[PDB]
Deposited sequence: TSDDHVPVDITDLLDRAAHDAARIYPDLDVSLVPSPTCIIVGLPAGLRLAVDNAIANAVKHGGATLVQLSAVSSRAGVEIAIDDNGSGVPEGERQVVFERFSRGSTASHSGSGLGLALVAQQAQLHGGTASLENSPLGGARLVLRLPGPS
C-alpha cells in the first residue's frame, strides 16, 4: 500500500480553510472534533472531502458547510453537513452512482479505505454526507 498515517481531523480543518478561499462568502468550518489518526491515502481522502464541498455548493446551492469527525474503537465517521437543497431520500443511490450532482468520487474513495459513504438529512437543512472508515488498531 501507499497508505500512511493521516490525521483526519487536521485534513478537514485544512480542507475547510482552502474551500473558504475558493467559494466566496461560503461559511465552511471544522466543528470542534478530537484528533483522529487513520491509515489511508491523504490525496484520496482530501479529494473526497473537496468533492463533497463542491457538490454542496455548486449543485445544492449551499452557503454553510460544517465538517466533523467523530471517533470510536471502530474507526472514524467523517461528516459533511450543508444548508443546501439536500437529496431526496429516494435519489441517494443514483447520486452516488454518478460523477459530478454526483458523489461517485466519494464512494470510490470510501471503498478504497474499506469503509462506506452514505447520505442522511442534515440538521442544517440540506445533505449530510457520512463517510465511515475503519480505524488502524
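According to the record, no C-alpha positions are given for deposited positions 1-2, 103-113, numbered from 1.
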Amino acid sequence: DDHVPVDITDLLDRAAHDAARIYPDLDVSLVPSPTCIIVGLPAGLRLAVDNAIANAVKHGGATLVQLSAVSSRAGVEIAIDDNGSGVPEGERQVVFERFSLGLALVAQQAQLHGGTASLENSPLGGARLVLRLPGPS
From here on, numbers count along this sequence of modelled residues.
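The stretch with the higher mean CA B factor, choosing between 32-40 and 45-53, is 32-40.
Residue-level temperature factors show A74 in the highest third of its chain, judged at the C-alpha atom. Sort the modelled residues of the chain by CA B factor and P24 lands in the highest third.
Among the modelled residues of its chain, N83 has a C-alpha B-factor that falls in the middle third, as given in the PDB entry. Sort the chain's modelled residues by C-alpha temperature factor and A104 lands in the lowest third, per the entry. Among the modelled residues of its chain, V65 has a C-alpha B-factor that falls in the lowest third, as given in the PDB entry.
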